[PDB]
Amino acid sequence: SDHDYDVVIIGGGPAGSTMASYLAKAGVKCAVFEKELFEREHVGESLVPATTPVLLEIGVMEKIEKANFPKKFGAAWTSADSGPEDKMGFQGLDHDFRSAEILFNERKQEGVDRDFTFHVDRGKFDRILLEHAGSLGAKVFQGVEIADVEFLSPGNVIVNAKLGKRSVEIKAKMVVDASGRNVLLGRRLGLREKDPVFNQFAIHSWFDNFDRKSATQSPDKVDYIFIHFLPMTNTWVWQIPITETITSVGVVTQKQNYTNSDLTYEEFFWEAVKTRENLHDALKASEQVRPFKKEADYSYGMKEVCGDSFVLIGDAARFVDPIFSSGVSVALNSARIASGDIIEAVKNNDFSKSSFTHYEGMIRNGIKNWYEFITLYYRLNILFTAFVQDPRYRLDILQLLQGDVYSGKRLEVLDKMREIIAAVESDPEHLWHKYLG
């Protein structure tokens, strides 16, 4: 019916590759346009187990397993500052806000058939996923950037694909914005809404032969994600395995802390890192295999995540902050849910907003909990570990850390978090008070 494709995916990352796999697997004729030549370096390494049902559902899990990514059986938090001595009657703290751990297997998660998910080289990871989408029948273009999308009619779109400085017109019944922090349709259509509260900022690189025992004694916990709290305001470091020897390490903080630093990005990394001697010395002993990258300006909302002949997924739709290592999960799950709506949209031949309403509701609520949970971490700071460790909140907290964010249940935790916040907020005498953020 003079359309080149039913669907045209913009961007070939996790959000794009997955959407393409869900469509080609369901018989829909789609295409992915990736502007970069893969493999391409990308921050965002530590997966969360809500990825695996999707990875399984699309048929790519064993190809991913053959990549031999370091397994992520769980997640840790450490702080040089053990907290207040009182502990406000919190049932279990084995080290007084100093250390906290959690195994992903401690809660059963529908779809998960595993004790572990992966920490990935995001270059390798994304190639394998796009290759896979390719192998399922999806047409994939690399080195071909999408300049703009012409919105002619409901169920009728043209896409401006460029090859350097040479345009090509691609007719489609719709587009999928699976762009990154780039955000093609959010900028073009003016949907992008920069976050008012969040002004966080990240600096990271890779570190070879980085002794992961710098973070813990036990060899069972060596390949967990470690989130090292730093004494600076709203500051923490990630430690993520990439290979057996290579670790990815990034500081995250308020830009206000960096810009007042009067330092280059490299120097700020070491200076913030030097506030925790074990981390610093392990990093100094290890080998930088990559120059330091900045990641900034990444906290943004989106006025509309769907429309007539368009839907936004993954980072093209939203990003908050990388604490809980959940963004790739959202990429795959926003790609899963929006595909369910798209597969029916081509069947019904009905690409107006109404056909994508189920995705809109599902994602917005999935962003809400994800968003709220990130805010309350920064509000609690090191006091977050009291909730992680306490049985009354532990597996309710694990639910979120696992990425089970889509269901429409409230998640009573997030109010119980809010109450104990408000109890301390109110009272500046409160012993927990100076540890807040």
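In case it trips you up, residue 1 is the first one in the sequence shown, and so on.
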Of 82-90 and 172-180, the stretch whose C-alpha atoms average the higher B-factor in the entry
82-90
Stretch with the greater mean C-alpha B-factor as recorded in the entry, comparing 227-235 against 120-128
227-235
Name the residue from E101, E145, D96, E244 with the greatest C-alpha temperature factor listed in the entry.
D96
Would you mind checking which of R212, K221, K303, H204 has the top Cα temperature factor in the PDB entry?
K303
Determine, from the deposited record, the chain-internal third of the Cα B-factor for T51: lowest, middle or highest.
lowest
CA B-factor ranking of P291, expressed as a third of its chain
middle
Going by the recorded CA B-factors, say which third of the chain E412 sits in, lowest, middle or highest.
highest
Chain-wide C-alpha B factor ranking for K368, given as lowest, middle or highest third
highest
Mind checking which third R392 falls in for C-alpha B-factor across the chain?
highest
